[PDB]
Amino acid sequence: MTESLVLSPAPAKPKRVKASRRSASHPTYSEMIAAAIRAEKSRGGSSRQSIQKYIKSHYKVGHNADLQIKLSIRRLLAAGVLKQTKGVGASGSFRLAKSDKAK
Amino acid sequence: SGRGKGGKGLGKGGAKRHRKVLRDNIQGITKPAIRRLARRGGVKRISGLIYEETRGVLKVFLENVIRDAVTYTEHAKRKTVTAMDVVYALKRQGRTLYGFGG
Amino acid sequence: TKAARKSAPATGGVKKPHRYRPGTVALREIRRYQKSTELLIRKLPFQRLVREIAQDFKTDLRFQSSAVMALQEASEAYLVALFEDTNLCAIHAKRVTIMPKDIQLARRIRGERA
Amino acid sequence: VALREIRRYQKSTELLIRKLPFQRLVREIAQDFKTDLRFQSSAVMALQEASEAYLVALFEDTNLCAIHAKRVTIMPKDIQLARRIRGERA
């Protein structure tokens, strides 16, 4: 049970992390990458070390930071809400689908 | 006519009743048939274009072999190509099949 | 928090069948078909095809069941040998997939593209 | 420069390997089979033309092997594929 067996020992993280009244942490659904991209400046896309940084503080590392980051990147790519820039000096520069200027 | 876009119901799309009288004769080799040939060749994954390419390659081989067969059959006035004719049309270049003959 | 509208929790995994991972079935399919000895393609779709091209080259003629088998086995081994030949071209191109780029190169070296 | 000399060899027909080193090479191979073997001048030159065109066809195929793999250079990997796929080596 991906939703019950693994979440049985993991109500501890929810009572302290994710959304709460007044200023709090962003949910895993959205703003984990979107708000990070909004907050960062002088980037032109977010690298892996970058994203792993901008998620500091109270957060579930577990196997989530190991694989669900890549899985969510692919999921958002399937959505099309993520724009990207390629290179090898930086492993990957992923941006939001911000329509301030038409592509 | 069709009660739905999908294949859940009766004959929404691709309802076929004509059996290759003058159509789809070349398309007698289906996708698993091409896959099975690839598997016997040790191929793990093939592309979409290989389905049409193999049929084109298949037509060339049969055409080249049967070009000799009609000449072989007409020469002996037999008008009925047998196992021997295929070997004669094959033994000349490569593909020397020992399965039938004699 | 069960949103019940977004599939990030993955909603439910109760009735999901045990499906093989992509490319894993090919591993077992290789061992099954290489050992297998059956005639790969059906006789009738092949039978009507060879008759048609023969009809174009020569007027109405008869066929024997042995002749159909001879054409099938030589043709099947011709493709299987080509498939292995293109398979070695696939790894040389550093990728598993096989496309006309693989077949065209294979048909050229072994004298077919002439 | 390398393609500059392509025109020279593809426009003019000539032997591209040294004459006597080929004669010495075939002699040393023949001596092991049978010592004191006598080679005719026409025979050694006839084998040279066949040998040269044998590699030209091999070098022609390996060129198309490279372009298949998004490559320009031909490497030992290319020569392995061409010989094996042709049935010459395996």
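Following Swiss-Prot, chain B shows residues 2-103, kept in their order.
From the backbone N, Cα and C atoms, a Cβ is placed for every residue, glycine too.
Here is what Swiss-Prot records for this protein:
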type	residues	note
MOD_RES	B:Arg4	citrulline
MOD_RES	B:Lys6	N6-acetyl-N6-methyllysine
MOD_RES	B:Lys13	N6-acetyl-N6-methyllysine
MOD_RES	B:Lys17	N6-propionyllysine
DNA_BIND	B:17-21	DNA-binding region
MOD_RES	B:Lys32	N6-(2-hydroxyisobutyryl)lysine
MOD_RES	B:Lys32	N6-propionyllysine
CROSSLNK	B:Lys32	UFM1 cross-link
MOD_RES	B:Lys45	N6-propionyllysine
MOD_RES	B:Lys78	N6-lactoyllysine
MOD_RES	B:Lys80	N6-(2-hydroxyisobutyryl)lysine
MOD_RES	B:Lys92	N6-butyryllysine
MOD_RES	B:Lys92	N6-glutaryllysine
MOD_RES	B:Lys92	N6-acetyllysine
CROSSLNK	B:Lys92	ubiquitin cross-link
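Here the features listed in Swiss-Prot are placed on the structure.
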residue : record                         : Cβ within 10 Å
B:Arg4  : citrulline                     : 10
B:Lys6  : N6-acetyl-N6-methyllysine      : 9
B:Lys13 : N6-acetyl-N6-methyllysine      : 14
B:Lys17 : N6-propionyllysine             : 9
B:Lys32 : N6-(2-hydroxyisobutyryl)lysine : 10
B:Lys45 : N6-propionyllysine             : 17
B:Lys78 : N6-lactoyllysine               : 6
B:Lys80 : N6-(2-hydroxyisobutyryl)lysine : 13
B:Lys92 : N6-butyryllysine               : 13
Measuring Cα to Cα, how far is B:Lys80 (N6-(2-hydroxyisobutyryl)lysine) from B:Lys32 (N6-(2-hydroxyisobutyryl)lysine) in Å?
34
Where does B:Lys78 (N6-lactoyllysine) sit in the DSSP three-state scheme?
coil
Among B:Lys13, B:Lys17, B:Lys78, which are recorded as modified residues, the nearest neighbour of the residue listed as 'citrulline' by Cα:
B:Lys13
Which of these modified residues, B:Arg4, B:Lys6, B:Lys13, B:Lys32, B:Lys45, B:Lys92, are close to chain C by Cβ (under 8 Å)?
B:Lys45
B:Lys13 (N6-acetyl-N6-methyllysine) to B:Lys32 (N6-(2-hydroxyisobutyryl)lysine): how many Å between their Cα atoms?
22
Quick check for the class: what is the C-alpha distance, in angstrom and rounded, between B:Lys92 (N6-butyryllysine) and B:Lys78 (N6-lactoyllysine)?
21
Between the modified residues B:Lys6, B:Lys32, B:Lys45, which lies closest to B:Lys78 (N6-lactoyllysine), Cα to Cα?
B:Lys32
